[PDB]
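Student: chains from the complex, first installment, not repositioned:
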Amino acid sequence: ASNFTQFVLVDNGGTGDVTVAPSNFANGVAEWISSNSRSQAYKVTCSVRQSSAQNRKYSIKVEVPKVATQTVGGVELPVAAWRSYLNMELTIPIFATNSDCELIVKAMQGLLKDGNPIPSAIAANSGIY
Amino acid sequence: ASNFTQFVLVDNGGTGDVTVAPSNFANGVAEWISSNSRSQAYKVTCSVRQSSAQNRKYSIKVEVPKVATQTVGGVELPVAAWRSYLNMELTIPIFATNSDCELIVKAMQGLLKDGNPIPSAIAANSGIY
Amino acid sequence: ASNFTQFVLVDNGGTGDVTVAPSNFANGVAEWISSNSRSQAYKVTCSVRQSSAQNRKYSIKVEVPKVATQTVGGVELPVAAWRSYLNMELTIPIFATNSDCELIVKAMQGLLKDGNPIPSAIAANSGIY
Amino acid sequence: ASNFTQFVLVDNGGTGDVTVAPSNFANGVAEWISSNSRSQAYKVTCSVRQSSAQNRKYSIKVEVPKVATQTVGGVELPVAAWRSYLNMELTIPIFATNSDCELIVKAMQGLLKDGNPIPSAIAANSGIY
């Protein structure tokens, strides 16, 4: 094992899939970046800490760039026009079983599944109504 | 459209699925809960707001019950030993088109996809190694 | 669904029934008013809040007007001679099941049923004795 | 008349009905309790007073036990996890005739009638949406 492996972050059906690979584990923050210049790369970071005596907390962050080429000083540089940031924090009691943990993972997958309320609102630039 | 509808939060293949239904809309914050007491319910809330001049931001919260050894309908204390909390914040620059927003949703689904590093660490009560 | 619907507040057997319709949900306070000028309308408001970590509290208010026409400045205005106010607050533990909640609703219905002590005292302008 | 009599608080169709009977009259505050320990009893109290020069006011309180997972006759702590509290205040201007007062009672019954918004939100552990 080693769950520190690369995965496809944006599955565009085999063509133009954005895959992210392990790139740093310094300070206990696991990082994954796409194969781009660091200025245009996608980024995922994960870290877990025993926040309380009875909790463990996972901090996950994803950065999705909008790439561009910018003329700075008459010279062109690979750049990100902007970035979208996902910041998630999951707090799990120490009493949670592995099957209890699997229930949390399934709830997060269902939440974001296509056609469900939230992924729909997001993709359409609206709120829930 | 009208996205404020009931959906399957935990998919257990049609039998024993957890469905979550609209339960509150006070202040534009959409809420969905499962058919349980509130101490044992699966809960989801969502809201969008323009956080600043350049960004809009979604606040999505999920509460998941510890199910192993649970007494249905019972009084289970302390509350913290029996619940997991997910808190997601998605910041999106005002320039993101619907297409841009569709890619952000894909990035979120890929991150949580089965077999990928993050949902595997979580499901196995682990960190990255 | 959407439980935010109109209902008959005063059932006068089909003729002169006072029905109340959804009219505002600003600030998370659901409101219903009868089809009258705002000065003569019946009003119902409901709001729920997690008052404690372990309670939820519902605040319900009903205003029953005694309508009149008042000559003010030589001109006649639709007005309410007076108003009767019902203020109710229900505190429910988070541990209460849906069936536990149904028991509370049945107790409130039985309390006010015709012929029972309390609705009798009220309608006769007396106390319990 | 003489309205201080026993009545059915929870109607379960003749079988398993909860009847509440007079239990105290200290200070003109009528009390009715079910046949249980006081920690598990259904309790109702009522009193009228002229709150001010223009109004009379009824204070009606109801305590309902959490029944799911209850141990009959047992010591259940904390007390707050096992009980719901209803507190109603009805303010009525001194000009209200018996007829006016009969309409106020109808407004109260309509509000709590089955299928109407409020008792449906309560029974389903919900707010308005």
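Tutor: Noted; the coordinates are in hand. Residues are numbered from 1 along each chain as shown, chains lettered A, B, ... in the order given.

Student: and the regular element (helix or strand) spanning residue A:82 with strand B:83-93, angle?
Tutor: For residue A:82, the element it lies in under DSSP states H and E is strand A:75-93. Going by axes from the mean of the first three to the mean of the last three CA atoms, to 10 degrees, strand A:75-93 is angled at 160 degrees with respect to strand B:83-93.

Student: give the buried residues for strand A:75-93.
Tutor: A:79, A:80, A:82, A:84, A:85, A:86, A:88, A:90, A:91, A:92, A:93 (16 or more other CB atoms under 10 Å in any protein chain shown). The way it works is simple: take the backbone N, C-alpha and C, and place the C-beta from them, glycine included.

Student: sheet partners, orientation included, of it?
Tutor: In the sheet, strand A:75-93 lines up against strand A:55-72 (antiparallel), strand B:83-93 (antiparallel) (DSSP bridges).

Student: now for the following helix or strand past the last one, which elements pack on it?
Tutor: This points to strand B:83-93. Sequence order places helix B:98-112 as the next helix or strand after strand B:83-93, per DSSP H and E. Applying 3 or more CB pairs under 8 Å, 6 or more residues apart in numbering or on different chains; DSSP states H and E, we find helix B:98-112 packed against strand A:7-10, strand A:55-72, strand A:75-93, helix A:98-111, helix A:117-123, strand B:83-93, helix B:117-123.

Student: throw chain E onto that model:
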Amino acid sequence: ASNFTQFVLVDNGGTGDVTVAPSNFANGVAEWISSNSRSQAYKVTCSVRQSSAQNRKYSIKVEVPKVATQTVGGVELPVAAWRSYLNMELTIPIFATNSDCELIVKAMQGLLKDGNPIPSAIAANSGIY
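Tutor: Following on from the chains above, chain E is added here:
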């Protein structure tokens, strides 16, 4: 029941119609935004308040963008070249019945009906002459 829904702001036959969907109802201010980049979106907000003892006051706001692409340093972004701002306040005494309100609404639709002096001055970059 709900009136906080999607609606056609600009009716361009049945194609090129501008639809504005619910986005946020924080602090009694309902907001509606059109789809795609928030930067190029149409925006509508609305709120009511009891301005004084006898008046209720509505505040409606509409923003019509002039869609354009901004190019700076080779990096292009979707922007609104400029925006028009409509601001309206409608004061209504509490004595107005539903019939009075319907008439106020007809007066507003009449003012802006095609061919009438006001909508004709505006559509032509003109004043009254």
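
Student: again for the buried residues of strand A:75-93, since chain E is there now?
Tutor: A:79, A:80, A:81, A:82, A:84, A:85, A:86, A:88, A:90, A:91, A:92, A:93.

Student: ok now it, how far from the chain's centre?
Tutor: Distance, stretch centre to chain centre, for strand A:75-93: 8 Å (CA atoms, centre = their mean, to the nearest Å).

Student: ok so, going back, ok, of the buried residues of strand A:75-93, which one's closest to residue A:33?
Tutor: The nearest member of these to residue A:33, counting by CB to CB, is residue A:80 at 12.5 Å.

Student: my understanding was that the closest one contacts residue A:64; is that so?
Tutor: No: Residue A:80 is beyond contact range of residue A:64, at 9.4 Å (criterion: CB atoms under 8 Å).

Student: dump the residue contacts of the closest residue to chain E within chain A.
Tutor: Closest to chain E within chain A is residue A:129: 3.5 Å, counting by CB to the nearest CB. Going by CB atoms under 8 Å, 6 or more residues apart in numbering or on different chains, residue A:129 touches B:2, B:3, B:4, B:30, E:2, E:4, E:5, E:6, E:21, E:22, E:23.

Student: ok, 7 Å please
Tutor: Residues near residue A:129 by CB atoms under 7 Å, 6 or more residues apart in numbering or on different chains: B:2, B:3, B:4, E:4, E:5, E:21, E:22.

Student: extra chain here, label it chain F:
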Amino acid sequence: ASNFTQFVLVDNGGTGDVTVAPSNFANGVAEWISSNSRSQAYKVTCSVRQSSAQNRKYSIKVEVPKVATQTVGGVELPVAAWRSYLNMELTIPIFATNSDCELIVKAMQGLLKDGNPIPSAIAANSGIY
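Tutor: Below, chain F sits with the chains from the block before:
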């Protein structure tokens, strides 16, 4: 050619229609008043001005009276029991072509079209819910 003419403010079929005729165009403020007693008349005013270097700004005002008879000392006079006041400001940058202005006009007519959220809240003495 002239747009300072008579027009139907309230279209009530073809009978009971409220027509407002030109009355005064002093100081760049065009005024229109309905017939009969000025005390019970509908009033519409309009003016444009270059609010800033890039903007032109329209100020429109409408008054809908509640017709009534005032009786004081036996002397009765035709009055408006009260009035509703509509006030709108429309800011338009000088870069707007005639086509841009026509779209602004369509957005205004769309907002108030029958059945849409806003004209429906108003005609019903309501807010957004």
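
Student: ok chain F is loaded, check what packs on helix B:98-112 again?
Tutor: Under the contact criterion of 3 or more CB pairs under 7 Å, 6 or more residues apart in numbering or on different chains; DSSP states H and E, the helices and strands touching helix B:98-112 comprise strand A:7-10, strand A:55-72, helix A:117-123, helix B:117-123.

Student: those: which one's closest to chain F?
Tutor: Closest to chain F of those is helix A:117-123 (CB to the nearest CB; 18.5 Å).

Student: counting contacts, what elements does the closest one pack onto?
Tutor: helix B:98-112.

Student: what comes into contact with the helix it packs on?
Tutor: With CB under 7 Å, 6+ apart as the test, helix B:98-112 has contacts from A:8-11, A:44, A:62, A:64, A:66, A:84, A:86, A:108-109, A:112, A:119, A:122-125, B:92, B:118-119, E:35-36.

Student: for residue A:29, which non-adjacent residue is spatially closest?
Tutor: residue A:47 (4.6 Å; CB to CB, 6 or more residues apart in numbering or on different chains).

Student: can you list the buried residues in the helix or strand hosting the one you found?
Tutor: Assessed by DSSP H and E, residue A:47 sits inside strand A:43-49. Of the residues in strand A:43-49, those with enough neighbours to count as buried (16+ other CB under 10 Å) are A:43, A:44, A:45, A:46, A:47, A:48.

Student: in CSV: those, plus distance to residue A:98.
Tutor: Converted to CSV, the buried residues of strand A:43-49 look like this (distance: CB to CB, whole Å):
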residue, distance to residue A:98
A:43, 29
A:44, 23
A:45, 24
A:46, 18
A:47, 20
A:48, 15
